[PDB]
Each structure stands twice: as C-alpha cells, then as structure tokens.
Amino acid sequence: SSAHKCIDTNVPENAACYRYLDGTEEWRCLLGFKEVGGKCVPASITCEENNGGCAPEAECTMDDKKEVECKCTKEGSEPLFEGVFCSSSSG
Numbered sequence: 008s009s010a011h012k013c014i015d016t017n018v019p020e021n022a023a024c025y026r027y028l029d030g031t032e033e034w035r036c037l038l039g040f041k042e043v044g045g046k047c048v049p050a051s052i053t054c055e056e057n058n059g060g061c062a063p064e065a066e067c068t069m070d071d072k073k074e075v076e077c078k079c080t081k082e083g084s085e086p087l088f089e090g091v092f093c094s095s096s097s098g
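Read left to right, the sequence shown gives residues 8 to 98 (PDB author numbering).
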C-alpha cells in the first residue's frame, strides 16, 4: 500500500524508507550500502555484520550468483526493498 510510503522524512541517498501505520518512519540503507555519518555509502557486505544489511527479522545468505539474499522466513511477511525491510503479517 501507499500507507507505507514515507512522507515526512528526508531520505538519504541509497536508502529505503518505511512508514509504519502508527506514523513512524524509518530509513535503512539499501543492500550494498553501509551507514557512515548519516549517509549510505558503497561497501563490501558480509552476512556476519548487521545481518548483511537484511532486516533484523530476515535470514541472510549467499546464492549461486555469489550475491546477498534476504528472506523473511515468517509465513505471512514479505521482503520489501530486496529484504531490507520485512512486511508484517497477521496473527
């Protein structure tokens, strides 16, 4: 939905932003970038640090393409912005 699109946050370059229904807005760097001094700069990622950039609730791995993959294992939640964010699911 569009209810999740940020509307009151200055989003850094190379970052994603998610607006929660309670009005909260949070941004995070896109896969491949690391937060350095309030900015998202290019970096060499490793699932062993900050979960590879994947959402805290996601699983980080390496596929055949030797690239990072984020998956929201919970049944009901999906990966937004390639998994930088994991949708929330009903109970």
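We put the CB at the ideal spot given by N, CA and C, even for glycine.
Exposed unless 16 or more other CB atoms sit within 10 angstroms - verdict on residue i
{"i": "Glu74", "result": "exposed"}
{"i": "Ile52", "result": "buried"}
{"i": "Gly90", "result": "buried"}
{"i": "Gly45", "result": "exposed"}
{"i": "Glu33", "result": "exposed"}
{"i": "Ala23", "result": "buried"}
Rounded straight-line distance, which links the Cα of residue j to that of residue i
{"i": "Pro49", "j": "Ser96", "result": "31 angstroms"}
{"i": "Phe92", "j": "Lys41", "result": "15 angstroms"}
{"i": "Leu87", "j": "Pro63", "result": "13 angstroms"}
{"i": "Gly30", "j": "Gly83", "result": "22 angstroms"}
{"i": "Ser8", "j": "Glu76", "result": "24 angstroms"}
{"i": "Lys12", "j": "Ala65", "result": "21 angstroms"}
{"i": "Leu28", "j": "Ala10", "result": "7 angstroms"}
{"i": "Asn21", "j": "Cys36", "result": "6 angstroms"}
At least three beta-carbon pairs within less than 8 angstroms, the region 65 to 83 to the region 39 to 54 | yes
In chain order, each beta strand (DSSP E) run of at least 3 residues that lies wholly inside the region 12 to 49 = 22 to 26, 32 to 36, 40 to 42 and 47 to 49
Whole runs of the beta strand (DSSP E) within the region 49 to 89, excluding any shorter than 3 residues = 66 to 69 and 75 to 78
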